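Chemist: I'd like to ask some things about the structure below.
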Amino acid sequence: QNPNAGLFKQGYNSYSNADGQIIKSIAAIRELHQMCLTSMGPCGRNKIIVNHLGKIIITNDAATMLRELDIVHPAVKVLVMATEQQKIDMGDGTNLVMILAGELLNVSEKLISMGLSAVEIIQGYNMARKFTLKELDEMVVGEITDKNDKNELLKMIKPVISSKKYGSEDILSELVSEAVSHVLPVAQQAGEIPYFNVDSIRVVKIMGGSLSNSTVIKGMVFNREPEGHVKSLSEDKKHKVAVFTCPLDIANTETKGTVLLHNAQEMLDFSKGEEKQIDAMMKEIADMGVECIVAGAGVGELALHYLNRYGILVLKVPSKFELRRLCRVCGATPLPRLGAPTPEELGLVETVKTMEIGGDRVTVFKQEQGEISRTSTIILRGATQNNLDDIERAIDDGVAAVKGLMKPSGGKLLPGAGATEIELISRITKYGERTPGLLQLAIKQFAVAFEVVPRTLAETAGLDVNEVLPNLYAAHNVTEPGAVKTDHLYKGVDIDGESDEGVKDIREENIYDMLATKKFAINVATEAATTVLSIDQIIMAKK
Amino acid sequence: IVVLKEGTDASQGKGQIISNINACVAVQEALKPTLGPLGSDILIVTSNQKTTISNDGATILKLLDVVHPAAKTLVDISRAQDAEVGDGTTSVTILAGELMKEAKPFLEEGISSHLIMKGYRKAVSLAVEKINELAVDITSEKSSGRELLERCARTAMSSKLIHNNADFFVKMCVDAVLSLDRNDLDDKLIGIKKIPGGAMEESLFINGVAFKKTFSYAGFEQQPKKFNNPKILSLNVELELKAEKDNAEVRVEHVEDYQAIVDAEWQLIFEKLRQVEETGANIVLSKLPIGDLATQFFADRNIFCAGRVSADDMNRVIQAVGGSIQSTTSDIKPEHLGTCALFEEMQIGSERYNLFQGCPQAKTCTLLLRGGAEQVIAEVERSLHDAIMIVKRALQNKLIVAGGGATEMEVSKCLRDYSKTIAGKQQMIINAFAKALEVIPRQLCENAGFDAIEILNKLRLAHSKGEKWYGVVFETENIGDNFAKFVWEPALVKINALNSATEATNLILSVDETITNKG
């Protein structure tokens, strides 16, 4: 009976702003916002994810939370896609984009209810962004000087480790800083040569114990033991390394090359061929001075026999990607053929040794004070599978963040622990009051959205936000005898598990944020919120 | 029409932690009855249609495989205890469970999960300092190397089926561990075989290894059963002429050729048997059957065979005599042979068993347990297992603390006093930790049938007098000095079990949300 009207596309559930879809889109986003809101901060919360492979993950990582959800609704897809942009172009800012974008949409609900159009809201937000970006350039207090010393790397690494692993910073910071300073050279006054490849630091894990047993290796670690009799190389320098992909046995054709034996004489002659061909093949390898042979495939019994006679270290690497990385350190090229050990394809290594970590034997390819690898390995330990995996992610953040310290304006530091956002709220608001016309409505709300950071930092720490927030504002809500605001730009949010009236200073813990991270994340969050607010219809065709 | 999760489950908030607590309670209650030397058994029917009964928390949890994601966190941590320490598995589950129960009323009253975890982290850290302080460095102090281990096993065997026969079974446990290299002790080095029939007091102690004689083929009154210094050869190849599956079709035009082919097959296996003789072996053991002809051939050579031996029993033989297993007969080397000091076949239990004894190359030993039923042998085995553990730990861990709840009592007391100087949310959480620790002496009493209320009251009051080793007495319901009575646990077990229970508690309480990926 009841007639339908207004929907002419198909049998559907009409999604038009005529029924307040602009609010429904925001309300839908609120679900994922509340999820990520509990992650940010040194005292954030864990999430349990059940993988389709039956793997249980308990982690703080917000990207995992979003990536492991199957998401359709366009409104959240804008913010999730924006989050992925933050993951690709920046080594940090994941929670900043998702949380801020949601909060910009949350405050828009009042502006929309006020009767302020989506265009008028967006126009003010774009103005507030332009004001915010300019302020971030001027709110800078410290600077990384691109010296890449341990003390300088630790200054940045410490806050990067926090908000994922708090209380473990003393160990985790040393693990990253030592790995970085090993592979990251000191350089200045030149931008032509890139530094700090994302593959420059590998992380591996061994079960058992806890993080206190972690260390750093000056080179690459392989899970395989030397298959030959030689278990290590001598202390002699510049060992020649021959790398193969084809199984090491009787010489054969790169493609197929399988010999069939039917006659008694064929078996007799083939068997002799195995001994003669393998020996001569290994002879040439030895005659070139090769002391280590690395195979991507198995090594036959005779191949091992003759390789032992020639004193050549025999190490299998079943992973082609590990070999591709090894080629970047030793300079060797794998031979896909068998019996063609061209000397041009040989590499060099200073030391290859068998070592035991937790009882598990591994092989290390490393150097001491020469021909030094640009790839290092961080050794993680732990008896709990979940925590062991989660620490690996914490190390990844340490490594990824250092990438941001490179040429593109990674130096500039801002006081962290919410101190930046608290100042931005005051500065953006004043711009709102100065801005004529209706633009002030959205510019002021743009500032309001930023309080989520000092609010989340307090809430996750168990503090009453209704007492912490007014104290945080009072600390910055000061009048100074001058145009330049100074003398205390360090007042942040405490995350202590014990009572402490007032606030601590950033300078006490050296918690600084990167300018590039703050400017980029806020820029991305504004684009995300801008897009969602502009949507007044969802269009779909029946499948 | 558009969706956010495409049916993927997700839930967050205080109710999510409470649900996680409820999952932990189910796990805690499942193992609760198994706590204590008088604990009850759990009967689990596996998906493979095999029924098991055990009170070992490690076996119980590995078989239950509780799926709930919150339970998986709790169970995996208790599993780690079994792998890293080797004891305290039930303690980790029970201690963590009680803490989750204590967390519930705090979360309901609006106490942040951060302060609950923070108070636990501080209070537990203090407990570790106290447990370390209690450590006693004990070696030969008022106890010989023999007296220490016999007193440890005898204590473990109290209120057990073999308590009255401790004079017999204690010796086997102490000798079994002392037969091992103290530098590296492992439960795998002491094997136990089950022999139905006869009395438990007739059990055998072997310094080498033995196996069940799974070779059940013909050959009565042949194959000499006893050797002084035999050479032991192990093979993979089957030595029977005709297989149960493989065969050949023979078709020829002459009766001489029909027989010639059958004789040819006999000759082929004969040559393989002769090569074994050429090896100079006295005992021929195989993972596969050694056939009726082979055993008659070998018997006429005065060679003893035993085939179809399990991979585990074959390895233990070779590992005891110092030999090696060779797949073929043409490739056998004299270095494949081992030697035992004595080989014999026993008629114990009204069934034949193949024993090696006094193996000079062995690093292992075996107990042969007799009894009229699986329940008798199993109960003896379980009592011996616990006795072996405490004997082993007597040699490996010199730093011990009093058991029976005595350690938990001292920590709980020091926490109750510590909290008197703490104000704020931390005070409530520290006291909750001090209370949760009492779950151990509580369940030890309740599972034993004791008046837990009376005993816990006596423990609290008696402890306040300065006697820090008071604990639960299981001989006669009372409290007493469990250190003087030799009821002790390594200090590392108490420190690690507590830290593990703390980790499991904090990991789950730290969770705000569960997401379950569907597909």
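Chemist: So for the stretch A:194-204 (the condition being touching a strand residue (DSSP E or B) at 6+ places or on another chain (Cβ under 8 Å) and more than 22 Å from A:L405 (Cβ to Cβ)), does at least one residue qualify? First the steps, then the outcome.
Modeler: First, pick out the residues of the stretch A:194-204 that are touching a strand residue (DSSP E or B) at 6+ places or on another chain (Cβ under 8 Å): A:200-204.
From the residues that got through so far, the ones that are more than 22 Å from A:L405 (Cβ to Cβ) too are A:204.
Checking the stretch A:194-204: at least one residue is touching a strand residue (DSSP E or B) at 6+ places or on another chain (Cβ under 8 Å) and more than 22 Å from A:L405 (Cβ to Cβ).
Chemist: Filter the stretch B:506-519 down to residues that are more than 7 Å from chain A (Cβ to nearest Cβ) and crowded, with 22+ Cβ neighbours inside 10 Å and give me whichever is nearest to the chain's Cα centre (by Cα). I'd like the intermediate steps shown before the answer.
Modeler: So in the stretch B:506-519, the residues more than 7 Å from chain A (Cβ to nearest Cβ) come out as B:506, B:508-509, B:518.
Remaining after also requiring crowded, with 22+ Cβ neighbours inside 10 Å: B:508-509.
Numbers: B:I508: 28, B:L509: 31 Å.
Here the residue is B:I508.
Chemist: Return the total of residues in the stretch A:12-40 being small (G, A, S), more than 10 Å from chain B (Cβ to nearest Cβ) and either more than 22 Å from A:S534 (Cα to Cα) or not in a helix (DSSP H, G or I) (or both).
Modeler: 2
Chemist: Report the residue count in the stretch A:77-103 for those that are of a type in the set (K, R) and within 14 Å of chain B (Cβ to nearest Cβ).
Modeler: Just the residues of the stretch A:77-103 that are of a type in the set (K, R), to begin with: A:77, A:87.
When the remaining residues are screened for being within 14 Å of chain B (Cβ to nearest Cβ), the result is A:77.
The number of residues fulfilling the criteria is 1.
Chemist: Being within 9 Å of chain B (Cβ to nearest Cβ) and either touching an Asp or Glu at 6+ places or on another chain (Cβ under 9 Å) or in a helix (DSSP H, G or I) (or both) is the filter here; which residues of the stretch A:65-76 pass it? Explain how you work it out, then say what you get.
Modeler: Taking the stretch A:65-76 and keeping what is within 9 Å of chain B (Cβ to nearest Cβ), we get A:65, A:68-76.
Passing the criteria: A:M65, A:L69, A:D70, A:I71, A:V72, A:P74, A:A75, A:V76.
Chemist: While we're looking at this one, here's another question. With respect to B:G57, is the statement that it is away from chain A (no Cβ under 14 Å), in contact (Cβ under 8 Å) with a residue 24 or more places away in the chain, surrounded by 14 or more Cβ atoms within 10 Å (Cβ to Cβ) and farther than 24 Å from A:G54 by Cβ true?
Modeler: On the way: away from chain A (no Cβ under 14 Å): yes; in contact (Cβ under 8 Å) with a residue 24 or more places away in the chain: yes; surrounded by 14 or more Cβ atoms within 10 Å (Cβ to Cβ): yes; farther than 24 Å from A:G54 by Cβ: no.
Answer is no for this residue.
Chemist: Is it fair to say B:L293 is crowded, with 23+ Cβ neighbours inside 10 Å, closer than 23 Å to B:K242 by Cβ and without any contact (Cβ under 8 Å) to a residue 60 or more places away in the chain? Please lay out each step first, then the result.
Modeler: Details: crowded, with 23+ Cβ neighbours inside 10 Å: no; closer than 23 Å to B:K242 by Cβ: yes; without any contact (Cβ under 8 Å) to a residue 60 or more places away in the chain: yes.
When the stated conditions are applied, B:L293 does not pass them.
Chemist: Here's something else I'd like to know. State which residue is surrounded by the most Cβ atoms within 10 Å (Cβ to Cβ) when the search covers only the stretch B:425-439 and only residues that are assigned to a helix (DSSP H, G or I) and either among the basic types (K, R) or away from chain A (no Cβ under 14 Å) (or both). First the steps, then the outcome.
Modeler: Step one: filter the stretch B:425-439 for residues assigned to a helix (DSSP H, G or I), giving B:425-436, B:439.
From what's left, either among the basic types (K, R) or away from chain A (no Cβ under 14 Å) (or both): B:425, B:431-436, B:439.
Working: B:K425: 20, B:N431: 20, B:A432: 23, B:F433: 29, B:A434: 21, B:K435: 15, B:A436: 25, B:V439: 22.
Out of the qualifying residues, it is B:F433.
Chemist: Here's a follow-up. Do you know which residues across the stretch A:478-494 are buried (at least 17 other Cβ atoms within 10 Å of the Cβ) and either of a type in the set (A, V, I, L, M, F, W, C) or part of a helix (DSSP H, G or I) (or both)? If you could, list the steps in order and put the result at the bottom.
Modeler: Taking the stretch A:478-494 and keeping what is buried (at least 17 other Cβ atoms within 10 Å of the Cβ), we get A:489-494.
Listed by number, the residues that qualify are A:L489, A:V493.
Chemist: Please verify whether A:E467 is out of contact with any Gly (no Cβ under 7 Å at 6 or more places or on another chain), over 25 Å from A:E135 (Cβ atoms) and surrounded by fewer than 16 Cβ atoms within 10 Å (Cβ to Cβ), treating the condition exactly as stated. Spell out how you get there, then give the answer.
Modeler: Working: out of contact with any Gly (no Cβ under 7 Å at 6 or more places or on another chain): yes; over 25 Å from A:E135 (Cβ atoms): yes; surrounded by fewer than 16 Cβ atoms within 10 Å (Cβ to Cβ): yes.
Against the criterion (out of contact with any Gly (no Cβ under 7 Å at 6 or more places or on another chain), over 25 Å from A:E135 (Cβ atoms) and surrounded by fewer than 16 Cβ atoms within 10 Å (Cβ to Cβ)), A:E467 qualifies.
Chemist: Filter the stretch A:504-523 for residues that are farther than 15 Å from A:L136 by Cα and assigned to a helix (DSSP H, G or I) and give the result.
Modeler: Step one: of the stretch A:504-523, the residues farther than 15 Å from A:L136 by Cα are A:504-511.
Selection gives A:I506, A:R507, A:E508, A:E509.
Chemist: Next question. Across the stretch A:287-318, which residue is farthest from the chain's Cα centre (by Cα) among those that are aliphatic (A, V, I, L, M), surrounded by fewer than 21 Cβ atoms within 10 Å (Cβ to Cβ) and part of a helix (DSSP H, G or I)?
Modeler: A:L302
Chemist: Kindly indicate which of B:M100, B:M117 is farther than 18 Å from B:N55 by Cα and within 11 Å of another protein chain (Cβ to nearest Cβ).
Modeler: Numbers: B:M100 fails: within 11 Å of another protein chain (Cβ to nearest Cβ).
Being farther than 18 Å from B:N55 by Cα and within 11 Å of another protein chain (Cβ to nearest Cβ) holds for just one of B:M100, B:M117, which is B:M117.
Chemist: Looking at A:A528, A:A475, which one is small (G, A, S), assigned to a helix (DSSP H, G or I) and under 30 Å from the mean Cα position of the chain (by Cα)? Even if it seems obvious, please write down each step before you answer.
Modeler: Working: A:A475 fails: under 30 Å from the mean Cα position of the chain (by Cα).
Sole residue among the options that is small (G, A, S), assigned to a helix (DSSP H, G or I) and under 30 Å from the mean Cα position of the chain (by Cα): A:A528.
Chemist: Here is a follow-up. Which of the numbered conditions does B:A491 fail, given that it passes all the others? Conditions: (1) of a type in the set (G, A, S); (2) at the interface with chain A (Cβ under 10 Å from one of its Cβ atoms); (3) in contact with a strand residue (DSSP E or B) (Cβ under 7 Å, 6 or more places away or on another chain).
Modeler: Condition (2) is where B:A491 drops out.
Chemist: Would you check if there is a residue in the stretch B:494-505 being more than 9 Å from chain A (Cβ to nearest Cβ), part of a strand (DSSP E or B) and surrounded by 21 or more Cβ atoms within 10 Å (Cβ to Cβ)?
Modeler: no
Chemist: When the residues of the stretch B:370-409 are narrowed to those that are surrounded by fewer than 23 Cβ atoms within 10 Å (Cβ to Cβ) and charged (D, E, K, R), which ends up farthest from the chain's Cα centre (by Cα)?
Modeler: B:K398
Chemist: Which one of these is in a loop (DSSP other than H, G, I, E, B) and either within 14 Å of chain A (Cβ to nearest Cβ) or within 30 Å of B:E374 (Cα to Cα) (or both): B:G36, B:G15?
Modeler: Values: B:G15 fails: in a loop (DSSP other than H, G, I, E, B).
The conditions single out B:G36.
Chemist: Also, quick follow-up: If you scan the stretch A:176-233, which residues turn out to be of a type in the set (V, I, T) and over 30 Å from B:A80 (Cβ atoms)? I'd like the intermediate steps shown before the answer.
Modeler: From the stretch A:176-233, those of a type in the set (V, I, T) are A:176, A:180, A:183, A:186, A:193, A:198, A:201, A:203-204, A:206, A:215-217, A:221, A:230; that's our starting set.
Answer for the stretch A:176-233, where residues must be of a type in the set (V, I, T) and over 30 Å from B:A80 (Cβ atoms): A:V180, A:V183, A:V186, A:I193, A:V198, A:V230.
Chemist: Here is a follow-up. Of everything in the stretch B:71-94, what is of a type in the set (D, E) and within 11 Å of another protein chain (Cβ to nearest Cβ)? Give them in sequence order.
Modeler: Quick first cut of the stretch B:71-94, residues of a type in the set (D, E) only: B:76, B:82, B:84, B:87.
Hits for the stretch B:71-94 are B:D76, B:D82, B:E84.
Chemist: So, B:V27, is that one surrounded by 15 or more Cβ atoms within 10 Å (Cβ to Cβ), within 14 Å of another protein chain (Cβ to nearest Cβ), out of contact with any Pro (no Cβ under 8 Å at 6 or more places or on another chain) and over 30 Å from A:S14 (Cβ atoms) or not? Before the answer, list the steps.
Modeler: Details: surrounded by 15 or more Cβ atoms within 10 Å (Cβ to Cβ): yes; within 14 Å of another protein chain (Cβ to nearest Cβ): no; out of contact with any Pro (no Cβ under 8 Å at 6 or more places or on another chain): yes; over 30 Å from A:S14 (Cβ atoms): yes.
Answer is no for this residue.
Chemist: With respect to A:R45, determine if the residue is at the interface with chain B (Cβ under 9 Å from one of its Cβ atoms), under 30 Å from B:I77 (Cα atoms) and charged (D, E, K, R). Give the steps one after another, and end with the answer.
Modeler: Details: at the interface with chain B (Cβ under 9 Å from one of its Cβ atoms): yes; under 30 Å from B:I77 (Cα atoms): yes; charged (D, E, K, R): yes.
Yes, satisfied.
Chemist: Being over 16 Å from A:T377 (Cβ atoms), free of Cβ contacts under 8 Å to residues at least 60 places away in the same chain and among the small types (G, A, S) is the filter; apply it to the stretch A:148-196 and report the residue that is surrounded by the most Cβ atoms within 10 Å (Cβ to Cβ).
Modeler: Here the residue is A:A187.
Chemist: Since A:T420 meets every condition but one in (1) without any contact (Cβ under 8 Å) to a residue 40 or more places away in the chain; (2) farther than 20 Å from A:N126 by Cβ, which condition does it not meet?
Modeler: The number of the failed condition is (1).
Chemist: A follow-up question, please. Between A:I161, A:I56, which is within 14 Å of chain B (Cβ to nearest Cβ), within 30 Å of B:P69 (Cα to Cα) and in contact with a helix residue (DSSP H, G or I) (Cβ under 8 Å, 6 or more places away or on another chain)? So that I can check it myself, show each step before the final result.
Modeler: On the way: A:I161 fails: within 14 Å of chain B (Cβ to nearest Cβ).
Matching residue, one of A:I161, A:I56: A:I56.
Chemist: If I filter the stretch A:237-249 down to residues being part of a loop (DSSP other than H, G, I, E, B) and in contact with a strand residue (DSSP E or B) (Cβ under 8 Å, 6 or more places away or on another chain), which single residue comes out as surrounded by the fewest Cβ atoms within 10 Å (Cβ to Cβ)?
Modeler: Of all residues in the stretch A:237-249, those part of a loop (DSSP other than H, G, I, E, B) come to A:237-238, A:245-247, A:249.
Of the ones still in play, those that are also in contact with a strand residue (DSSP E or B) (Cβ under 8 Å, 6 or more places away or on another chain) are A:238, A:245-247, A:249.
Working: A:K238: 12, A:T245: 17, A:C246: 20, A:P247: 15, A:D249: 18.
Of everything passing the filter in the stretch A:237-249, A:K238 is surrounded by the fewest Cβ atoms within 10 Å (Cβ to Cβ).
Chemist: Can you find even one residue in the stretch A:203-224 that is more than 14 Å from every other protein chain (Cβ to nearest Cβ), surrounded by 18 or more Cβ atoms within 10 Å (Cβ to Cβ), farther than 26 Å from A:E152 by Cβ and of a type in the set (F, W, Y)?
Modeler: Among the residues of the stretch A:203-224, at least one is more than 14 Å from every other protein chain (Cβ to nearest Cβ), surrounded by 18 or more Cβ atoms within 10 Å (Cβ to Cβ), farther than 26 Å from A:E152 by Cβ and of a type in the set (F, W, Y), which makes the answer yes.
Chemist: Report whether or not A:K134 is touching a residue at least 12 places away in the same chain (Cβ under 8 Å) and of a type in the set (K, R).
Modeler: Details: touching a residue at least 12 places away in the same chain (Cβ under 8 Å): no; of a type in the set (K, R): yes.
For A:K134, the condition - touching a residue at least 12 places away in the same chain (Cβ under 8 Å) and of a type in the set (K, R) - is not met.
All Cβ positions, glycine included, derive from the backbone under ideal geometry; neighbour counts span all protein chains shown. Taken together, the values in this text are just the output of simple stated rules run on the coordinates, not laboratory data.
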